[PDB]
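Trainee: Just passing along the structure, written as structure tokens.
2 protein chains.
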Amino acid sequence: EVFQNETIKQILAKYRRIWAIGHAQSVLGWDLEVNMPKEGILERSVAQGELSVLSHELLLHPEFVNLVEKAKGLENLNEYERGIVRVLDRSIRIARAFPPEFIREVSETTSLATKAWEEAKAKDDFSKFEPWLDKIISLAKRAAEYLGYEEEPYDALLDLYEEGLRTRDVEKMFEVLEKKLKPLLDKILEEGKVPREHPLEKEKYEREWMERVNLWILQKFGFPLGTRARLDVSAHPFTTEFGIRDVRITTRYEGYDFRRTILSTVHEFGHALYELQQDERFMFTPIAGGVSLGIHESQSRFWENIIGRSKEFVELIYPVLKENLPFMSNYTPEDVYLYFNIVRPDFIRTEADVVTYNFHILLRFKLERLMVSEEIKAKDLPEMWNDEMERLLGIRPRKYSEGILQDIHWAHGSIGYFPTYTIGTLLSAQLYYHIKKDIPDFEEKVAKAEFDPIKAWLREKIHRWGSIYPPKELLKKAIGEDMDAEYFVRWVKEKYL
Amino acid sequence: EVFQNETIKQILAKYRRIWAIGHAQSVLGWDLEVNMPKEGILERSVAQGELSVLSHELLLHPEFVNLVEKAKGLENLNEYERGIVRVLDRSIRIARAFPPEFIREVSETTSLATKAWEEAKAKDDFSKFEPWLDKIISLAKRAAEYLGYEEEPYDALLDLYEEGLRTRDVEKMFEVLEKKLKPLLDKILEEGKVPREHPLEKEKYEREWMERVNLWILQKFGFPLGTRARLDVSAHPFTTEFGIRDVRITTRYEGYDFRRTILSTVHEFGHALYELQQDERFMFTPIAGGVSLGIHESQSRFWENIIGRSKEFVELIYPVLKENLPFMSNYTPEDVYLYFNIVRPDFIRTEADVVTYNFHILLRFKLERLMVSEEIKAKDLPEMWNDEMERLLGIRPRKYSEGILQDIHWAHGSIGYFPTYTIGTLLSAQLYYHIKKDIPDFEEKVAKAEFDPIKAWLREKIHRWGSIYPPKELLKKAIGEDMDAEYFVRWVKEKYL
Ligand SMILES: [Mg+2]
Ligand SMILES: [Mg+2]
Numbered sequence: 003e004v005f006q007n008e009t010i011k012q013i014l015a016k017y018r019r020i021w022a023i024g025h026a027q028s029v030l031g032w033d034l035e036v037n038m039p040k041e042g043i044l045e046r047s048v049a050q051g052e053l054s055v056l057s058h059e060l061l062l063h064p065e066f067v068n069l070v071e072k073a074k075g076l077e078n079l080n081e082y083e084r085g086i087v088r089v090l091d092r093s094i095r096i097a098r099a100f101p102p103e104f105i106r107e108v109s110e111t112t113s114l115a116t117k118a119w120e121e122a123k124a125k126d127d128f129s130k131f132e133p134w135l136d137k138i139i140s141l142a143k144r145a146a147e148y149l150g151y152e153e154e155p156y157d158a159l160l161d162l163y164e165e166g167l168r169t170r171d172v173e174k175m176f177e178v179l180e181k182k183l184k185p186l187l188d189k190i191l192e193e194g195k196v197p198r199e200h201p202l203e204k205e206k207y208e209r210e211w212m213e214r215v216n217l218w219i220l221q222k223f224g225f226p227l228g229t230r231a232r233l234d235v236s237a238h239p240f241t242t243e244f245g246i247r248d249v250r251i252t253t254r255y256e257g258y259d260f261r262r263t264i265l266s267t268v269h270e271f272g273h274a275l276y277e278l279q280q281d282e283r284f285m286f287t288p289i290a291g292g293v294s295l296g297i298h299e300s301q302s303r304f305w306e307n308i309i310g311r312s313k314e315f316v317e318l319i320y321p322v323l324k325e326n327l328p329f330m331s332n333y334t335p336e337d338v339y340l341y342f343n344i345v346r347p348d349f350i351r352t353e354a355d356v357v358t359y360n361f362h363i364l365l366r367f368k369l370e371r372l373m374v375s376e377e378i379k380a381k382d383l384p385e386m387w388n389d390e391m392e393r394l395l396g397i398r399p400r401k402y403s404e405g406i407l408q409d410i411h412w413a414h415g416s417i418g419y420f421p422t423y424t425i426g427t428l429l430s431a432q433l434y435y436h437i438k439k440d441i442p443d444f445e446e447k448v449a450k451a452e453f454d455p456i457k458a459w460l461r462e463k464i465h466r467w468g469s470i471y472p473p474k475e476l477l478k479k480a481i482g483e484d485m486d487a488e489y490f491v492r493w494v495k496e497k498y499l
Numbered sequence: 003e004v005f006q007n008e009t010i011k012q013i014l015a016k017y018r019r020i021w022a023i024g025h026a027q028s029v030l031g032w033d034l035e036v037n038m039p040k041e042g043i044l045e046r047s048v049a050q051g052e053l054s055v056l057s058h059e060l061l062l063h064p065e066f067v068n069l070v071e072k073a074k075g076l077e078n079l080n081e082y083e084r085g086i087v088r089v090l091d092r093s094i095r096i097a098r099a100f101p102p103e104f105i106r107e108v109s110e111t112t113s114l115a116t117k118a119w120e121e122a123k124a125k126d127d128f129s130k131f132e133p134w135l136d137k138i139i140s141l142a143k144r145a146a147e148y149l150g151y152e153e154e155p156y157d158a159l160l161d162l163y164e165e166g167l168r169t170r171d172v173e174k175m176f177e178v179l180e181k182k183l184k185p186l187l188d189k190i191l192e193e194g195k196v197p198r199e200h201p202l203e204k205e206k207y208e209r210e211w212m213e214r215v216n217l218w219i220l221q222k223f224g225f226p227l228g229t230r231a232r233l234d235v236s237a238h239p240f241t242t243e244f245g246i247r248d249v250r251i252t253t254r255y256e257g258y259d260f261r262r263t264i265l266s267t268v269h270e271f272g273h274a275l276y277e278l279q280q281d282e283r284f285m286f287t288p289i290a291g292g293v294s295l296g297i298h299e300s301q302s303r304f305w306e307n308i309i310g311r312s313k314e315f316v317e318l319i320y321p322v323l324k325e326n327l328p329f330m331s332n333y334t335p336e337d338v339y340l341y342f343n344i345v346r347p348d349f350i351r352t353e354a355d356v357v358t359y360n361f362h363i364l365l366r367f368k369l370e371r372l373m374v375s376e377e378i379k380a381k382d383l384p385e386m387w388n389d390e391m392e393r394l395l396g397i398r399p400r401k402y403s404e405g406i407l408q409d410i411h412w413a414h415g416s417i418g419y420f421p422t423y424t425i426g427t428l429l430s431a432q433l434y435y436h437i438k439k440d441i442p443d444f445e446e447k448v449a450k451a452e453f454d455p456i457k458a459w460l461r462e463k464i465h466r467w468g469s470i471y472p473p474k475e476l477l478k479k480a481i482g483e484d485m486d487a488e489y490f491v492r493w494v495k496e497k498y499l
């Protein structure tokens with residue numbers, strides 16, 4: 003049926019091994035974050051490392067590569083078998099772009115740069131990270147040259163994290179935002195409409211109280227606990243896929259500002275449903291699973307902001323908040339609403355409300371394009387970052403930790419990664435209007451906890467397709483169009499005005 | 003220092019990969035038992051399977067085998083580097099004894115036999131397992147021939163599960179037991195000394211109550227929770243080693259008969275301390291880790307029976323039992339003692355007290371030797387099992403589930419495995435008297451929770467040695483002698499008389 007071609011089957015049989023190491027890697031990483039006794043880190047680390055080298059070795063074995071090339075030379079193949087090749091061709095390609103020595107240099111430099119960035123952020127000292135940043139800039143440029151690119155070197159890094167993404171693409175969405183979203187922000191901020199803070203941010207809670215609320219929400223979403231999924235705690239919320247029938251998410255309980263653990267759980271749920279609603283006929287194959295960081299963030303943001311910050315979701319959970327939170331006997335559902343939608347330009351990207359968030363990404367985008375294009379100087383980045391923070395949000399970081407040092411991405415060498423976050427926010431808006439068309443009673447269903455039709459709409463349009471088509475081709479096929487920042491602007495307008 | 007030879011280093015570098023897959027396998031199995039959502043089993047299973055084949059492939063790669071052969075031809079090597087070779091030579095040997103087709107036959111037959119045994123036990127019907135048992139008997143004999151053996155074919159299966167174990171060895175220990183331990187049992191059973199049951203067996207408890215008791219005991223033992231170890235729940239208690247700095251055990255809470263979860267946790271702790279007290283200079287190498295099933299069970303039984311059922315351990319935990327168990331306000335510490343040491347011949351091996359336990363193993367030993375030696379008939383095993391149960395314990399199973407069908411071992415193809423359990427019980431007694439010599443205030447230290455000297459004695463004598471020496475050579479070096487059933491008999495005599 004789905005996999006008929008003989009060359010394709012030989013490939014899938016070998017791929018199983020590669021797939022198994024990956025299954026193992028996920029379990030290792032998840033366990034490292036959720037269960038592992040602290041001192042087990044050295045042995046976990048070497049195990050993770052040996053497998054990554056083993057995995058890479060198997061992907062580039064002559065036999066495997068020969069098969070992919072051969073199949074790539076077949077015209078008989080259906081879309082599914084074709085998806086196998088497109089995906090595997092991109093992997094083998096990316097994997098052999100870097101000389102084994104270069105992969106080594108990066109691992110070394112990266113590891114040491116992360117540690118240096120880690121103390122530098124804590125002690126607010128850019129000098130301790132600066133030289134490491136210059137080394138990472140050089141590695142990024144080299145990487146762009148190893149990967150190859152038509153227009154700009156930055157296209158190669160972007161394409162690394164979002165298949166088919168180009169600098170021109172990113173340049174465009176941010177233009178529409180800077181001229182249409184920026185003013186909307188100013189207007190919102192000056193009418194005193196929504197507040198910049200809320201007393202509910204200070205209300206403390208005991209872990210068990212919120213875990214009762216999160217649990218209730220996940221069951222309302224139909225999250226298949228104990229059967230195909232789990233919810234646990236870890237330093238930072240994430241989602242992992244051990245398989246189509248085994249997807250896990252985590253959240254954290256800060257102990258105060260209950261909005262965090264709630265929306266964070268919902269956010270991760272969005273990622274999970276996606277992996278959960280994959281097509282089982284693709285099990286063990288490279289086409290199963292979310293196609294990219296951007297499409298994945300369109301799902302997490304869809305559930306988090308489109309639904310989670312909506313008045314209806316608030317009414318639905320309101321009674322549960324009252325049952326488990328004592329301090330809730332002093333607030334109304336509107337109080338919870340305003341709380342969930344506060345708007346306030348601030349220093350930290352991970353705390354940015356939905357209206358100011360994308361400006362944190364635009365600046366990282368500008369600095370990144372410059373770093374890999376022109377001959378930018380690390381020692382000069384802090385001020386450029388500061389001037390940009392001031393030009394977009396009116397505030398200026400006073401210390402390195404509130405600014406250029408806040409995120410781990412650069413130290414990890416993840417240059418050309420940040421833009422995928424904006425894509426997700428944008429795409430979540432666009433998807434909302436397309437579903438709002440097939441399900442005009444969208445809001446009413448949320449308020450009543452009737453999510454099946456919404457979950458099914460997402461499946462047919464996005465999920466079941468896995469990695470069959472590249473990100474762009476996937477959107478056209480399912481939404482009749484390409485990403486368009488315009489939707490995010492209307493969503494915001496229609497929500498704050 | 004420890005690893006100097008160049009050929010030895012080349013081996014250890016390649017071994018790391020093999021070691022990493024194993025680290026991964028442990029995490030997979032542990033997670034399967036403790037966290038995995040039920041439906042994640044199919045994907046977990048295929049992942050476990052692909053890795054086992056990958057692992058076997060790496061162990062038998064020409065390069066790896068050539069290196070081991072080469073090093074085996076070096077006379078310059080210290081004991082440690084030598085241990086590496088002995089261990090790896092035995093693995094490569096065992097691994098290539100079975101034709102890939104045979105390994106296949108066994109996997110197939112085994113899988114189907116386990117499923118058939120599983121329903122057969124539940125529906126008390128031996129006919130549903132019978133043919134599968136004949137197939138497994140044939141596989142066992144073939145296996146003995148593939149492995150090779152001097153005296154009996156059963157020596158090959160025994161050596162498979164306990165390096166260097168011979169049929170003559172097993173024949174001997176059981177002779178000393180049948181003439182010296184058997185009568186002791188009869189005498190114990192006829193004087194009404196210790197009871198055959200206790201009311202505490204019926205006392206129910208809520209999970210949290212006993213988890214507070216188990217937690218307290220593990221901290222009293224110095225079990226390094228959150229740092230190098232974990233305690234969780236699973237269908238059946240076990241111990242896993244992800245590494246020297248990451249060892250995990252599980253227990254279960256039946257909800258009644260609190261002795262079970264307690265001694266079970268202690269039992270597993272014994273296994274863990276062993277892996278925990280390994281020599282870190284051997285990290286990532288084949289000499290790190292417990293040498294065999296028998297030595298491992300000498301540790302688990304040491305803590306479980308030697309210490310856990312002793313009057314002192316009872317006095318130490320008594321107050322904790324009173325604090326957390328309401329129904330304890332009706333019993334005294336002697337009541338807990340008699341409870342922990344009940345003696346009663348019964349049908350189920352896993353429930354057998356320490357005096358009757360080894361007779362369950364002797365019969366399995368007799369049936370196993372016959373099955374692989376003479377032309378034994380599956381259809382005739384049930385009666386032989388029944389007559390033996392009657393000849394040793396005076397009771398006769400009335401249904402297949404109380405008899406020949408109670409254990410999974412044969413269906414898994416684990417023939418020649420059972421005797422390692424008796425070895426552990428026996429060895430736990432012998433070790434007790436040897437430590438009783440260097441630490442005559444053994445009892446006093448237990449009652450006061452001073453386990454460090456006892457933990458350290460075990461380290462120097464057994465643990466730190468890992469897999470440097472074969473089981474037998476390990477005992478001579480550390481205890482100045484070989485296993486001798488006689489100690490277990492005195493221990494029992496001195497305890498029940
Ligand atoms: Mg996300
Ligand atoms: Mg054990």
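As you go down the protein sequences, you meet chains A and A' in turn. A prime marks a further copy of an entry chain. Going by the entry's author numbering, the first residue of the first sequence is number 3, and it counts up by one from there. Going by the entry's author numbering, the first residue of the second sequence is number 3, and it counts up by one from there. Every residue gets a Cβ at the ideal spot worked out from N, C-alpha and C, and that includes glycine.
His25/A' versus chain A: which residues are under 7 angstroms apart at the beta carbon?
Mentor: Correct list: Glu45, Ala49.
Trainee: If you draw a straight line from the alpha carbon of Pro197/A' to that of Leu187/A', how long is it in whole angstroms?
Mentor: Cα-Cα distance, rounded: 13 angstroms.
Trainee: Where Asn68/A and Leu76/A are concerned, what is the direct C-alpha to C-alpha distance, given to the nearest angstrom?
Mentor: Taking the straight line joining both Cα atoms gives about 13 angstroms.
Trainee: For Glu299/A', is the beta carbon positioned less than 7 angstroms from some heavy atom of ligand 2?
Mentor: For ligand 2, at least one heavy atom lies less than 7 angstroms from the Cβ of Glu299/A'.
Trainee: For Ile410/A, count neighbouring Cβ atoms within 10 angstroms of its own Cβ and tell me buried if that reaches 16, exposed if not.
Mentor: Exposed, since its Cβ has fewer than 16 Cβ neighbours within 10 Å.
Trainee: Quick one: what's got a C-beta closer than 6 angstroms to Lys123/A''s C-beta in the same chain, skipping five residues either side?
Mentor: Counting only Cβ-Cβ distances below 6 angstroms, and skipping sequence neighbours, we find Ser403, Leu407.
Trainee: Measure the C-alpha to C-alpha separation of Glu71/A and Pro64/A and round it to an integer number of angstroms.
Mentor: Distance between the alpha carbons of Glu71/A and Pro64/A: 10 angstroms.
Trainee: Could you tell me which of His25/A, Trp21/A, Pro239/A, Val491/A sits nearest to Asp248/A, measuring between CA atoms?
Mentor: That would be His25/A, whose Cα lies nearest to the Cα of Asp248/A.
Trainee: Measuring alpha carbon to alpha carbon, tell me which residue in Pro442/A, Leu394/A, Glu203/A, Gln12/A is nearest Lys181/A.
Mentor: Per the Cα distances, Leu394/A.
Trainee: Could you list the residues in the region 232-243 of chain A' with a C-beta less than 9 angstroms from some C-beta on chain A, going in chain order?
Mentor: The residues in question are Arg232, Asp234.
Trainee: What are the residues of the region 251-275 of chain A' that lie near chain A, defined by any Cβ-Cβ distance shorter than 7 angstroms?
Mentor: Listed in sequence order: no entries.
Trainee: Is the region 235-243 of chain A touching the region 45-59 of chain A' in the sense that three or more CB pairs, one from each, lie closer than 8 angstroms?
Mentor: These segments do not touch.
Trainee: Am I right that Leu149/A' and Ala158/A' are in contact with their C-beta atoms under 8 angstroms? What's the rounded C-beta distance?
Mentor: Rounded, the Cβ-Cβ distance is 4 angstroms, consistent with contact.
Trainee: So which residues of chain A' does residue 506/A contact, with C-beta pairs closer than 8 angstroms?
Mentor: Here chain A comprises residues numbered 3 to 499, so residue 506/A is not present and cannot be evaluated.
Trainee: Restricting to runs no shorter than 3 residues, where is the beta strand (DSSP E) found entirely within the region 4-65 of chain A?
Mentor: As far as the region 4-65 of chain A is concerned, it has no whole beta strand (DSSP E) run of at least 3 residues.
Trainee: Comparing the C-beta of residue 502/A' with each C-beta of chain A, is any distance below 8 angstroms?
Mentor: There is no way to answer for residue 502/A', as the model of chain A' reaches only from 3 to 499.
Trainee: Mind checking if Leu61/A' is an interface residue toward chain A, Cβ cutoff 8 angstroms exclusive?
Mentor: Taking Cβ atoms only, chain A never reaches closer than 8 angstroms to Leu61/A', which makes this a no.
Trainee: Measure from the alpha carbon of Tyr82/A to the alpha carbon of each residue in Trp218/A, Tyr333/A, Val4/A, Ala449/A, then state which is nearest.
Mentor: The candidate whose alpha carbon is nearest that of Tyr82/A is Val4/A.
Trainee: Tell me whether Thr334/A is buried or exposed, calling it buried when 16 or more other Cβ atoms sit within 10 Å of its Cβ.
Mentor: Label assigned to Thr334/A: exposed.
Trainee: Can you name the residues of chain A whose CB is closer than 7 angstroms to the CB of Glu52/A'?
Mentor: Chain A residues near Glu52/A': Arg18, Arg19, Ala22.
Trainee: Taking the continuous beta strand (DSSP E) assigned at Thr242/A, which residues delimit it?
Mentor: Its beta strand (DSSP E) spans residues 241-245.
Trainee: Strictly below 7 angstroms CB to CB, what residues from chain A border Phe286/A'?
Mentor: Neighbours of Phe286/A' on chain A, chain order: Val48.
Trainee: For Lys206/A', which residues does DSSP report across the bridge?
Mentor: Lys206/A' pairs with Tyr258/A'.
Trainee: What is the DSSP secondary structure of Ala97/A', reduced to helix, strand or coil?
Mentor: The answer is helix: DSSP assigns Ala97/A' an H, G or I state.
Trainee: My understanding is that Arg371/A touches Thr169/A, with C-beta atoms under 8 angstroms, so please give their C-beta distance in whole angstroms.
Mentor: That pair is a contact at about 7 angstroms.
Trainee: Taking the beta carbon of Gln221/A as the centre, do at least 16 other beta carbons fall within 10 Å, making it buried, or is it exposed?
Mentor: Exposed, because fewer than 16 other Cβ atoms sit within 10 Å of the Cβ of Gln221/A.
Trainee: Which first and last residues belong to the alpha helix (DSSP H) in which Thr169/A is found?
Mentor: 169-192 is the extent of the alpha helix (DSSP H) around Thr169/A.
Trainee: Can you name the residues that DSSP bridges to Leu227/A'?
Mentor: In the DSSP output, where bridge partners are listed per residue, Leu227/A' has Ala231/A'.
Trainee: Does the pairing of the region 331-351 of chain A' with the region 99-110 of chain A' give three or more beta-carbon distances under 8 angstroms?
Mentor: With a cut-off of 8 angstroms, the region 99-110 of chain A' and the region 331-351 of chain A' do not count as touching, because too few Cβ pairs lie within range.
Trainee: At the level of alpha carbons, what is the spacing between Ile425/A and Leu79/A?
Mentor: Those two C-alpha atoms are separated by around 32 angstroms.
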